[PDB]
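Participant: Let me begin by handing over the structure; questions about it come next.
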Amino acid sequence: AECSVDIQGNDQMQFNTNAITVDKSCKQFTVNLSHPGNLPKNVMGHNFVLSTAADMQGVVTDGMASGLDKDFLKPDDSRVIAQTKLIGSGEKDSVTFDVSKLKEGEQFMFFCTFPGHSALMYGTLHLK
Ligand SMILES: [Cu+2]
């Protein structure tokens, strides 16, 4: 029942962690993103986006082209397993998704799609 993680993106373009692990029993997993720090959504917005590792470049490249107004995510992108909204300083957003959308045999990556960020802002998610 610890079926969450709190994760932070800061003004230094880093997530607080590079690895999330999801337990054995969770019907659902929740990611509670916050942005400590001072920069607004246009300078240093962060979202938390989850996909297969192979799907990550697509989601990031298409997201950029989709623009700020769309939280830098292609709308109705079936590659996205979970997303939060894009957030800036002092904001928060949480996403819950079904653990079953985690296809056994896959490797998963989380990342921010704000332009440039995913060079630093990425990590792995493993089903445990
Ligand atoms: Cu970011």
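By order of appearance in the structure tokens: chains A, B, ..., then residues from 1 within every chain, and ligands from 1 in the order shown.
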At a cut-off of 8 Å, can you tabulate as JSON lines every residue of chain A near ligand 1 together with its closest atom pair and the distance in Å to one decimal, using only C-alpha atoms and all ligand atoms and ordering rows by chain then number?

Facilitator:
```
{"residue": "A:9", "atom": "CA", "partner": "ligand 1", "partner_atom_place_in_ligand_line": "1 (Cu)", "distance": 6.6}
{"residue": "A:13", "atom": "CA", "partner": "ligand 1", "partner_atom_place_in_ligand_line": "1 (Cu)", "distance": 6.0}
{"residue": "A:14", "atom": "CA", "partner": "ligand 1", "partner_atom_place_in_ligand_line": "1 (Cu)", "distance": 7.5}
{"residue": "A:44", "atom": "CA", "partner": "ligand 1", "partner_atom_place_in_ligand_line": "1 (Cu)", "distance": 6.0}
{"residue": "A:45", "atom": "CA", "partner": "ligand 1", "partner_atom_place_in_ligand_line": "1 (Cu)", "distance": 5.1}
{"residue": "A:46", "atom": "CA", "partner": "ligand 1", "partner_atom_place_in_ligand_line": "1 (Cu)", "distance": 3.4}
{"residue": "A:47", "atom": "CA", "partner": "ligand 1", "partner_atom_place_in_ligand_line": "1 (Cu)", "distance": 6.0}
{"residue": "A:111", "atom": "CA", "partner": "ligand 1", "partner_atom_place_in_ligand_line": "1 (Cu)", "distance": 7.9}
{"residue": "A:112", "atom": "CA", "partner": "ligand 1", "partner_atom_place_in_ligand_line": "1 (Cu)", "distance": 4.6}
{"residue": "A:113", "atom": "CA", "partner": "ligand 1", "partner_atom_place_in_ligand_line": "1 (Cu)", "distance": 6.3}
{"residue": "A:114", "atom": "CA", "partner": "ligand 1", "partner_atom_place_in_ligand_line": "1 (Cu)", "distance": 4.9}
{"residue": "A:115", "atom": "CA", "partner": "ligand 1", "partner_atom_place_in_ligand_line": "1 (Cu)", "distance": 7.6}
{"residue": "A:116", "atom": "CA", "partner": "ligand 1", "partner_atom_place_in_ligand_line": "1 (Cu)", "distance": 7.9}
{"residue": "A:117", "atom": "CA", "partner": "ligand 1", "partner_atom_place_in_ligand_line": "1 (Cu)", "distance": 4.9}
{"residue": "A:118", "atom": "CA", "partner": "ligand 1", "partner_atom_place_in_ligand_line": "1 (Cu)", "distance": 7.0}
{"residue": "A:121", "atom": "CA", "partner": "ligand 1", "partner_atom_place_in_ligand_line": "1 (Cu)", "distance": 6.5}
```

Participant: Residue 89 in chain A: which residues within 8 Å, counting only C-alpha atoms, same-chain residues fewer than 6 positions away excluded, as JSON, numbers by chain?

Facilitator: {"A": [35, 36, 37, 38, 39, 40, 41, 45]}

Participant: Taking only C-alpha atoms into account, which of A:122, A:97, A:110, A:72 comes nearest residue 49 in chain A?

Facilitator: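 Of all the options, A:110 lies closest to residue 49 in chain A.
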
Participant: Which residues are close to residue 29 in chain A, i.e. within 9 Å by only C-alpha atoms, leaving aside same-chain residues fewer than 4 positions away? Reply as a PyMOL selection string.

Facilitator: chain A and resi 2-5+22-23+95-99

Participant: Determine which residues of range 23-123 of chain A DSSP labels as strand (DSSP E or B) from the backbone of this structure, then write them out as a PyMOL selection string.

Facilitator: chain A and resi 28-34+46+49-52+82-83+87+92-98+108-111+122-123

Participant: Please produce an output containing N, CA and C atoms for each residue in the selection, written as a PDB file, in the first residue's frame.

Facilitator:
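Wrote result.pdb, looks like this:
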```pdb
ATOM      1  N   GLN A  28      -2.739  -0.076  -8.787  1.00  0.00           N
ATOM      2  CA  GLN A  28      -2.492   1.261  -9.295  1.00  0.00           C
ATOM      3  C   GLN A  28      -1.220   1.845  -8.670  1.00  0.00           C
ATOM      4  N   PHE A  29      -0.540   2.693  -9.448  1.00  0.00           N
ATOM      5  CA  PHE A  29       0.627   3.426  -8.959  1.00  0.00           C
ATOM      6  C   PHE A  29       0.418   4.926  -9.182  1.00  0.00           C
ATOM      7  N   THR A  30       0.869   5.717  -8.222  1.00  0.00           N
ATOM      8  CA  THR A  30       0.686   7.157  -8.252  1.00  0.00           C
ATOM      9  C   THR A  30       2.019   7.883  -8.158  1.00  0.00           C
ATOM     10  N   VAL A  31       2.148   8.941  -8.954  1.00  0.00           N
ATOM     11  CA  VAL A  31       3.373   9.722  -9.056  1.00  0.00           C
ATOM     12  C   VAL A  31       2.881  11.129  -8.753  1.00  0.00           C
ATOM     13  N   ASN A  32       3.478  11.736  -7.737  1.00  0.00           N
ATOM     14  CA  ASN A  32       3.090  13.053  -7.245  1.00  0.00           C
ATOM     15  C   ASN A  32       4.260  13.968  -7.522  1.00  0.00           C
ATOM     16  N   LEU A  33       4.160  14.653  -8.650  1.00  0.00           N
ATOM     17  CA  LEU A  33       5.165  15.613  -9.106  1.00  0.00           C
ATOM     18  C   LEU A  33       4.983  16.981  -8.478  1.00  0.00           C
ATOM     19  N   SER A  34       6.102  17.567  -8.023  1.00  0.00           N
ATOM     20  CA  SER A  34       6.102  18.929  -7.609  1.00  0.00           C
ATOM     21  C   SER A  34       7.364  19.606  -8.114  1.00  0.00           C
ATOM     22  N   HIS A  46       8.235  21.238 -15.853  1.00  0.00           N
ATOM     23  CA  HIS A  46       8.476  19.825 -15.838  1.00  0.00           C
ATOM     24  C   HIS A  46       7.205  19.070 -15.902  1.00  0.00           C
ATOM     25  N   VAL A  49       6.570  11.865 -17.600  1.00  0.00           N
ATOM     26  CA  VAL A  49       6.023  11.126 -18.698  1.00  0.00           C
ATOM     27  C   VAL A  49       6.638   9.746 -18.680  1.00  0.00           C
ATOM     28  N   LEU A  50       5.773   8.748 -18.800  1.00  0.00           N
ATOM     29  CA  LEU A  50       6.223   7.345 -18.737  1.00  0.00           C
ATOM     30  C   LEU A  50       5.909   6.661 -20.061  1.00  0.00           C
ATOM     31  N   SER A  51       6.884   5.898 -20.573  1.00  0.00           N
ATOM     32  CA  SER A  51       6.735   5.100 -21.793  1.00  0.00           C
ATOM     33  C   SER A  51       7.749   3.938 -21.838  1.00  0.00           C
ATOM     34  N   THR A  52       7.626   3.066 -22.837  1.00  0.00           N
ATOM     35  CA  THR A  52       8.670   2.067 -23.080  1.00  0.00           C
ATOM     36  C   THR A  52       9.934   2.808 -23.423  1.00  0.00           C
ATOM     37  N   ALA A  82       1.782   6.921 -18.759  1.00  0.00           N
ATOM     38  CA  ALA A  82       1.246   7.913 -17.825  1.00  0.00           C
ATOM     39  C   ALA A  82       1.880   9.269 -18.077  1.00  0.00           C
ATOM     40  N   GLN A  83       1.126  10.319 -17.823  1.00  0.00           N
ATOM     41  CA  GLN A  83       1.693  11.645 -17.863  1.00  0.00           C
ATOM     42  C   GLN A  83       1.045  12.429 -16.736  1.00  0.00           C
ATOM     43  N   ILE A  87       4.321  21.458 -15.201  1.00  0.00           N
ATOM     44  CA  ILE A  87       4.159  22.293 -14.028  1.00  0.00           C
ATOM     45  C   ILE A  87       5.380  23.198 -13.869  1.00  0.00           C
ATOM     46  N   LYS A  92       2.026  21.646  -8.495  1.00  0.00           N
ATOM     47  CA  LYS A  92       1.994  20.211  -8.207  1.00  0.00           C
ATOM     48  C   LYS A  92       1.040  19.578  -9.189  1.00  0.00           C
ATOM     49  N   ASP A  93       1.269  18.299  -9.508  1.00  0.00           N
ATOM     50  CA  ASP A  93       0.292  17.496 -10.245  1.00  0.00           C
ATOM     51  C   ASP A  93       0.589  16.014 -10.042  1.00  0.00           C
ATOM     52  N   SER A  94      -0.459  15.209  -9.929  1.00  0.00           N
ATOM     53  CA  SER A  94      -0.283  13.769  -9.704  1.00  0.00           C
ATOM     54  C   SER A  94      -0.956  12.947 -10.782  1.00  0.00           C
ATOM     55  N   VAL A  95      -0.383  11.802 -11.129  1.00  0.00           N
ATOM     56  CA  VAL A  95      -1.032  10.892 -12.045  1.00  0.00           C
ATOM     57  C   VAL A  95      -1.087   9.518 -11.401  1.00  0.00           C
ATOM     58  N   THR A  96      -2.230   8.857 -11.583  1.00  0.00           N
ATOM     59  CA  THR A  96      -2.415   7.453 -11.217  1.00  0.00           C
ATOM     60  C   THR A  96      -2.683   6.645 -12.494  1.00  0.00           C
ATOM     61  N   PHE A  97      -2.002   5.521 -12.626  1.00  0.00           N
ATOM     62  CA  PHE A  97      -2.260   4.615 -13.742  1.00  0.00           C
ATOM     63  C   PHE A  97      -2.319   3.175 -13.216  1.00  0.00           C
ATOM     64  N   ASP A  98      -3.027   2.305 -13.949  1.00  0.00           N
ATOM     65  CA  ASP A  98      -3.064   0.852 -13.670  1.00  0.00           C
ATOM     66  C   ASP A  98      -1.765   0.133 -13.985  1.00  0.00           C
ATOM     67  N   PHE A 108      10.960   0.299 -19.084  1.00  0.00           N
ATOM     68  CA  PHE A 108      10.247   1.557 -19.063  1.00  0.00           C
ATOM     69  C   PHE A 108      11.181   2.694 -18.673  1.00  0.00           C
ATOM     70  N   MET A 109      10.862   3.913 -19.152  1.00  0.00           N
ATOM     71  CA  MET A 109      11.650   5.128 -18.904  1.00  0.00           C
ATOM     72  C   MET A 109      10.661   6.195 -18.494  1.00  0.00           C
ATOM     73  N   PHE A 110      10.993   6.961 -17.476  1.00  0.00           N
ATOM     74  CA  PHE A 110      10.281   8.188 -17.243  1.00  0.00           C
ATOM     75  C   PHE A 110      11.160   9.366 -17.645  1.00  0.00           C
ATOM     76  N   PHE A 111      10.553  10.519 -17.918  1.00  0.00           N
ATOM     77  CA  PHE A 111      11.333  11.652 -18.472  1.00  0.00           C
ATOM     78  C   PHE A 111      10.400  12.832 -18.506  1.00  0.00           C
ATOM     79  N   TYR A 122      15.608  11.970 -16.890  1.00  0.00           N
ATOM     80  CA  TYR A 122      15.082  10.680 -17.309  1.00  0.00           C
ATOM     81  C   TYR A 122      15.533   9.666 -16.271  1.00  0.00           C
ATOM     82  N   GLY A 123      14.877   8.501 -16.275  1.00  0.00           N
ATOM     83  CA  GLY A 123      15.294   7.408 -15.411  1.00  0.00           C
ATOM     84  C   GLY A 123      14.450   6.239 -15.801  1.00  0.00           C
TER      85      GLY A 123
END
```

Participant: Give the helix (DSSP H, G or I) residues of chain A, as assigned by DSSP on the backbone, as number ranges by chain.

Facilitator: A: 41-44, 56-66, 68-70, 99-101, 117-119

Participant: Using only C-alpha atoms, please write the residues we just selected to a file, as a PDB file, in the first residue's frame.

Facilitator:
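part09.pdb, written as the output of this step:
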```pdb
ATOM      1  CA  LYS A  41       6.467  26.703 -16.463  1.00  0.00           C
ATOM      2  CA  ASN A  42       7.957  28.479 -19.578  1.00  0.00           C
ATOM      3  CA  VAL A  43      11.499  28.654 -18.331  1.00  0.00           C
ATOM      4  CA  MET A  44      11.749  25.366 -16.431  1.00  0.00           C
ATOM      5  CA  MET A  56      10.862   7.636 -25.370  1.00  0.00           C
ATOM      6  CA  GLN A  57      12.578   9.460 -28.285  1.00  0.00           C
ATOM      7  CA  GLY A  58       9.251   9.693 -30.175  1.00  0.00           C
ATOM      8  CA  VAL A  59       7.339  11.076 -27.249  1.00  0.00           C
ATOM      9  CA  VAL A  60      10.109  13.722 -26.579  1.00  0.00           C
ATOM     10  CA  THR A  61      10.554  14.824 -30.279  1.00  0.00           C
ATOM     11  CA  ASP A  62       6.754  14.949 -31.024  1.00  0.00           C
ATOM     12  CA  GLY A  63       6.186  16.632 -27.608  1.00  0.00           C
ATOM     13  CA  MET A  64       8.531  19.441 -28.447  1.00  0.00           C
ATOM     14  CA  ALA A  65       6.723  20.040 -31.754  1.00  0.00           C
ATOM     15  CA  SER A  66       3.383  19.987 -29.888  1.00  0.00           C
ATOM     16  CA  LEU A  68       3.961  24.800 -24.589  1.00  0.00           C
ATOM     17  CA  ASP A  69       0.202  25.159 -24.800  1.00  0.00           C
ATOM     18  CA  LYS A  70      -0.066  21.352 -25.021  1.00  0.00           C
ATOM     19  CA  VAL A  99      -0.015  -1.308 -13.009  1.00  0.00           C
ATOM     20  CA  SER A 100      -1.383  -3.681 -15.698  1.00  0.00           C
ATOM     21  CA  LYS A 101      -0.540  -1.108 -18.428  1.00  0.00           C
ATOM     22  CA  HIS A 117      15.274  18.531 -20.365  1.00  0.00           C
ATOM     23  CA  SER A 118      15.398  14.833 -20.952  1.00  0.00           C
ATOM     24  CA  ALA A 119      19.189  14.869 -21.411  1.00  0.00           C
TER      25      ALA A 119
END
```
